[PDB]
């Protein structure tokens, strides 16, 4: 979520010209989703509640 | 390619994980210079004819 | 004493490619289509997911003496006749900042805050390291009921 | 077959004698080395020597090529050599032929030749063949590597025979082979269960070929 | 025999090792002979020693 | 030959090597065959 | 000069530090994971280039772990804030009042 | 020495016509024959001297000034009991002197030099002063020499921009007047150290603004950047400062100089040898003017003046002080002003090479390249020398035929060598002379004789383009 | 392997022009040429312990599908037929025989064997 | 699955392109996988690959020269050797090299090289396409 | 300690110099150790070393002669043989011998010989420098 994405239409390619970040590349994958699920803690939401 | 990179990287982490043992040995054997203890042989009785 | 070396220094991997990729410090001629410039920027962005792991591996070697130190964590500098430690060293995982050409267009101002460990992991690993260091003198807090 | 990463294909060799490299101190004409299963390794060396005007053999009178010295031979491509032979000089001969050429010939044998120069008598009681073989080998200050057998014998007798012959007889009667090299003797079953090392194709790699079947065996 | 070489602009360790021994694989040994902590970034006035190979392997 | 110890050893360096080999396979074949019933 | 002649095992390094072994393991894993879509494994393929560069970097990492432990734990001579914070000396541990 | 007894004695050690340079600068001695050129401080003798070697240089002009700003640090690592275990040394210079003719002559001869002319404009001094008037007087004197073909000012980078432009304008003016000379120039870099990454852009912007004459630019060329080489410094022993460090600590100055370590004064010979080596490992920085004329001479002596002097590796060079990129070279050899600058660059597995061969008139359709301009200079001078034996003869056809035959023979020899294009000699050149073709009756009556010549010269290639095609089968 | 036969001449009496474009220049040094030739094609290389590999090229000539001949020297003879009053030669005639050379890896690739394999 | 030309292989394109809406990297195949191969081979020098000192082609060693016959033959030898060692999937027909002709001053400085090739209808023992090369051999 | 050029060796200078304030004898190294070597070799005759009858060079056998071609070739043969046998650390390039030109009468009586050499970047099996020669061989 911290790395910039560029295309041919974003000239002169300054950070304010970027087309978002690289996170969408990792959104629809199944192993990464399973790994994201197995690292959650219930105590956080319990304390907030 | 990223999955394969992690698989190839594993043995170097296995090597890095010997540092606790190397630390303890440096403390006991070089800063304090204490040696270990040798063995002792056993004995028997025999009868002849 | 031994000999002191800089064990944390990392030479960026973008330097190990043939120059036809445009990734190196030479770059591209300005007389190219915009597509090739975009293509070079995308590949530079791609390789950070590997440079970060190599740099983190070496940062873990530079900081061994901070895993086994007996120092007391303090948030407000003070004199209490004990050795003390400030917030920048209260970690069990350490990291570095990358350096390659055109970094300012790809990895902006500060990005390391997302790499910090959760406080629960810090507490658990610090507690286990302190237990191990106490055990070398044949003593542990678990034997004293009124202490916990 | 030619090693990979060879920039030049010049073949080289090295002949050490009691640890000293003597390759470029004499004129070497030929070298032959044989490694065969169930036999003692052998090597033969031919050098140029002799001069009628001086009336002597200069390299024969030296102290590097006399019987009893340790010889080691290595060879390879382009200066990267591998150990091939290690043994002792046994024979030392001179020769002048009809047309006047003169040479010096050396005959080297492995260390297992120490096992073939006498007749002995021994008893063994309640042991296996592997134990008798290991003991006979170890008495000559050689390393032994003997695979174990399962048959235990009430008695074994070595009657007025050589150590080499006794060992080979007892090994063959158990279906095993003997390989001797580098101060080491290994007794074990033939290795027919492995993976191939190279491929030799007629019309690609071969210079000569012979093969035969016989139904009567 | 023993070789000696000076590092100039554009040199890398595996390529020098290949140009002397005919095989880059020895580079990790050379770095140890000369005391190189980081062998992927060389300085341009270093004189490196290349020892001979062992007589029989 | 089918054996490696039955090969003729080469001792010269300056140049008829294929006639001292044919006249050795013939003798060994005349001599081995002389031992079968 | 400690080393007067060298070999593939003199100075000696652990057997996992071998470029060819790392490369072969990487290629086998790549074929096992994606061998049904990415089938071209010649030298012109960018993926093999990236793999080789990564194996070279990993060899560097493994190299830096075999330095003597006395050198891995050395203190900085130029940092005035460097202190001893790991060890006790024999005079402070092995002693006892009469 | 003097010899009387017969025997064997041991003593210390005592042409490319198209590439002959004149080097103008300050020297140490200037003693030729029985005259001392530096006898009178306000009456100096300015005279070109022909030299063939470094030894012949040293016989007349000497060596370099001693440096006074060198420091050497000795690093000791000891045992826990104070016993010494290892000792190292390293050296640094704070501010080198701007008098560099001796180092320039070493660098020149190392790269394939030959006979040259030396012009002294005064003695070297510890004050480090370089003045424009002395250099212009040296140029006015070298105008006398005839054999010269190249002009070099190794010390010109110490001038301000206006004086630099004035000197370069004078040089280009006399090359345009004599029509047989060529000028080689260096680019001035900023003195900020360590150099910033984009120094060369500002440096070229400063160069493009100099007031050079617009009609004489085809007679010179500019190169960049400076070069780091392996030649040794000269120094005064008692002026070298020595520092020590122990186990990586802070440095402290000791009370002896290098002179206090000389065995001749009772010092330690081991540490003395260590310090000498430490000093000899310092790299020395030069402008790339001498190395380039050395490469000119070598290239002409192996391939000919029509071969472009580029894409060859340089001798005795460690590296270039700056690294020049593709985006930066894009604006150096092609520019709206036409004032191209020739880059020196390093390549992997190859070394340091010259990369570009254009003049300061880089957009011109005829004088874009260095090699074409120098070929025309050579050919014109050779034809002139061939023509000289016909002066004072009758002005009639019996002389015109002889002159024509001579010129055509020369051009045929040039065609066979591959300098001129064309499959037949008639496609390579033409020569014409005659009444009512090149001359009128009045010129003939006045004693004038006119000849017209045309030539087709080969040109070098800078770019290679690959294209792929595919057939189905 | 293919065989190649060549004969040529060195002459230094001052009647053969030098192809460099200068007027009045003729060939006048035989010994230098013999020296550089023998050092390049005949003597042993101190790093490989054998003579060098050679490639023969003549402009636009084509031997076949290639523009050069890769080879090794096998035979050479020199005849000295004219001498100076100090003993230095003025003319030499040379005859050479070369044999074709091509590496293993490359040979099996040139034979692009297509079979039911 | 067994399609047509599967034995020629598929791979990464050059230069690498990443799509974000379609979360993938661009892949080429058949004849495009071959053409791009050539573009790599002739744009890399010999020492630029980390453990592969023999991969590449030194064309830039012939810049700043006039196109004489002795230069054309050298260009041809270099290109033929590189293609023979590193392109088993094609057959090379001829090499055309020309200098000159646009401005007749800019045209003088450029060299043009044309590569003509065809694609062999059989496989090759030196082609590392999976899984055929595990059985086709080396 | 392993410095640069250690394989070339260090030794005594010629002629021997003794310092008294620094209680030591002068020692040379690298290129100076080689130059001085030459000065010895060409100034010693063949029979002057006690058990080394083959060390030296008989140049004074050519005095009182005019410089004809047959004399120059003999000088060259002697010098080349001496250097080949006793200077393994250098490579000899060429020998320049001239007679004549100072007074044109004194100049006539002297002969001048110039020796041009370079230093080999590798070691040699015939170099007795310690401790390399215990392993580099003979």
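Numbers below:
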{"item": "Some residue of the range H:310-323 being surrounded by fewer than 19 Cβ atoms within 10 Å (Cβ to Cβ), more than 14 Å from chain K (Cβ to nearest Cβ) and part of a helix (DSSP H, G or I)", "result": "no"}
{"item": "Among (1) surrounded by fewer than 20 Cβ atoms within 10 Å (Cβ to Cβ); (2) under 25 Å from residue H:140 (Cβ atoms) - the single one residue H:202 does not satisfy", "result": "(2)"}
{"item": "Subset of the range C:66-107 [in contact with a helix residue (DSSP H, G or I) (Cβ under 9 Å, 6 or more places away or on another chain) and closer than 21 Å to residue C:4 by Cβ]", "result": "C:66, C:67, C:68, C:69, C:71, C:89, C:94, C:96"}
{"item": "Subset tally (residues that are in a loop (DSSP other than H, G, I, E, B) and within 11 Å of chain G (Cβ to nearest Cβ)) for the range E:17-29", "result": "1"}
{"item": "Subset of the range I:1-19 that is touching a helix residue (DSSP H, G or I) at 6+ places or on another chain (Cβ under 9 Å) and in a loop (DSSP other than H, G, I, E, B) - its residue that is farthest from residue H:16 (Cα to Cα)", "result": "I:12"}
{"item": "Candidate set from the range J:8-35 (those that are buried (at least 19 other Cβ atoms within 10 Å of the Cβ) and either over 17 Å from the mean Cα position of the chain (by Cα) or more than 7 Å from chain G (Cβ to nearest Cβ) (or both)); member that is farthest from residue D:7 (Cα to Cα)", "result": "J:18"}
{"item": "Test result for residue H:284, farther than 30 Å from residue C:29 by Cα and in contact with a strand residue (DSSP E or B) (Cβ under 6 Å, 6 or more places away or on another chain)", "result": "yes"}
{"item": "Scan of the range H:47-68 for residues that are surrounded by fewer than 17 Cβ atoms within 10 Å (Cβ to Cβ) and either assigned to a helix (DSSP H, G or I) or over 21 Å from the mean Cα position of the chain (by Cα) (or both), ordered by number", "result": "H:54, H:55, H:56, H:58, H:59, H:66, H:68"}
{"item": "Selected residue [farther than 17 Å from residue D:79 by Cβ, in a loop (DSSP other than H, G, I, E, B) and away from chain H (no Cβ under 13 Å)] from E:8, E:41, E:32, E:55", "result": "E:41"}
{"item": "Counted residues, the range C:1-16 - those being within 15 Å of residue C:50 (Cβ to Cβ) and more than 7 Å from every other protein chain (Cβ to nearest Cβ)", "result": "4"}
{"item": "Complete set of residues in the range C:79-123 that are in contact with a strand residue (DSSP E or B) (Cβ under 6 Å, 6 or more places away or on another chain), surrounded by 13 or more Cβ atoms within 10 Å (Cβ to Cβ) and assigned to a loop (DSSP other than H, G, I, E, B)", "result": "C:90, C:106"}
{"item": "In the range K:38-77, residue farthest from residue K:98 (Cα to Cα) [restricted to those that are part of a helix (DSSP H, G or I), in contact with a helix residue (DSSP H, G or I) (Cβ under 8 Å, 6 or more places away or on another chain) and more than 12 Å from chain H (Cβ to nearest Cβ)]", "result": "K:74"}
{"item": "Residue within the range C:7-19 that is out of contact with any strand residue (DSSP E or B) (no Cβ under 8 Å at 6 or more places or on another chain) and within 25 Å of residue B:21 (Cβ to Cβ) present", "result": "yes"}
{"item": "Neighbours by Cβ (under 6 Å, 6+ apart or cross-chain): first from the range D:7-22, within 12 Å of chain E (Cβ to nearest Cβ); second assigned to a strand (DSSP E or B)", "result": "D:13/D:75; D:14/D:74; D:14/D:81; D:15/D:73; D:16/D:72"}
{"item": "Selection count, the range I:58-82, where residues are surrounded by fewer than 14 Cβ atoms within 10 Å (Cβ to Cβ) and closer than 27 Å to residue I:30 by Cβ", "result": "10"}
{"item": "Matching residues in chain F - criterion: being outside any loop (DSSP other than H, G, I, E, B) and either within 12 Å of another protein chain (Cβ to nearest Cβ) or touching a helix residue (DSSP H, G or I) at 6+ places or on another chain (Cβ under 8 Å) (or both)", "result": "F:25"}
{"item": "Strands (runs of 3 or more DSSP E) (entirely within the range H:199-254) containing at least 3 residues that are touching a helix residue (DSSP H, G or I) at 6+ places or on another chain (Cβ under 7 Å)", "result": "H:220-224"}
{"item": "Elements of type helices (runs of 4 or more DSSP H) contained in the range G:19-98, each with 3 or more residues being within 14 Å of chain J (Cβ to nearest Cβ), out of contact with any strand residue (DSSP E or B) (no Cβ under 8 Å at 6 or more places or on another chain) and surrounded by fewer than 18 Cβ atoms within 10 Å (Cβ to Cβ)", "result": "G:19-34"}
{"item": "Residues of the range D:28-58 satisfying the condition of being within 10 Å of another protein chain (Cβ to nearest Cβ) and loosely packed, with under 13 Cβ neighbours inside 10 Å", "result": "D:36"}
{"item": "Hey, residue A:31 more than 7 Å from every other protein chain (Cβ to nearest Cβ), loosely packed, with under 11 Cβ neighbours inside 10 Å and closer than 12 Å to residue C:105 by Cα or not", "result": "no"}
{"item": "Scan of the range H:132-160 for residues that are assigned to a helix (DSSP H, G or I) and touching a helix residue (DSSP H, G or I) at 6+ places or on another chain (Cβ under 7 Å), ordered by number", "result": "H:132, H:135, H:136, H:139, H:156"}
{"item": "Residues (in a helix (DSSP H, G or I), within 14 Å of chain J (Cβ to nearest Cβ) and out of contact with any helix residue (DSSP H, G or I) (no Cβ under 9 Å at 6 or more places or on another chain)) located in the range A:11-28", "result": "A:23, A:24, A:25"}
{"item": "Of residues in the range J:79-105 being more than 8 Å from every other protein chain (Cβ to nearest Cβ) and part of a strand (DSSP E or B), the one surrounded by the most Cβ atoms within 10 Å (Cβ to Cβ)", "result": "J:90"}
{"item": "Residue list for the range H:424-461, filter: under 19 Å from residue H:376 (Cα atoms) and part of a strand (DSSP E or B)", "result": "H:429, H:430, H:431, H:432, H:452, H:453, H:454, H:455, H:457"}
{"item": "Count of the range A:35-49 residues which are in a helix (DSSP H, G or I) and surrounded by 10 or more Cβ atoms within 10 Å (Cβ to Cβ)", "result": "3"}
{"item": "Candidates K:135, K:108, filtered to the one that is exposed (fewer than 15 other Cβ atoms within 10 Å of the Cβ), over 17 Å from the mean Cα position of the chain (by Cα) and within 13 Å of chain E (Cβ to nearest Cβ)", "result": "K:135"}
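Only the coordinates and a few stated rules stand behind these numbers; no lab work does. Because the Cβ atoms are built from the backbone with ideal geometry, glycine has one as well, and the counts that use them run over all protein chains shown.
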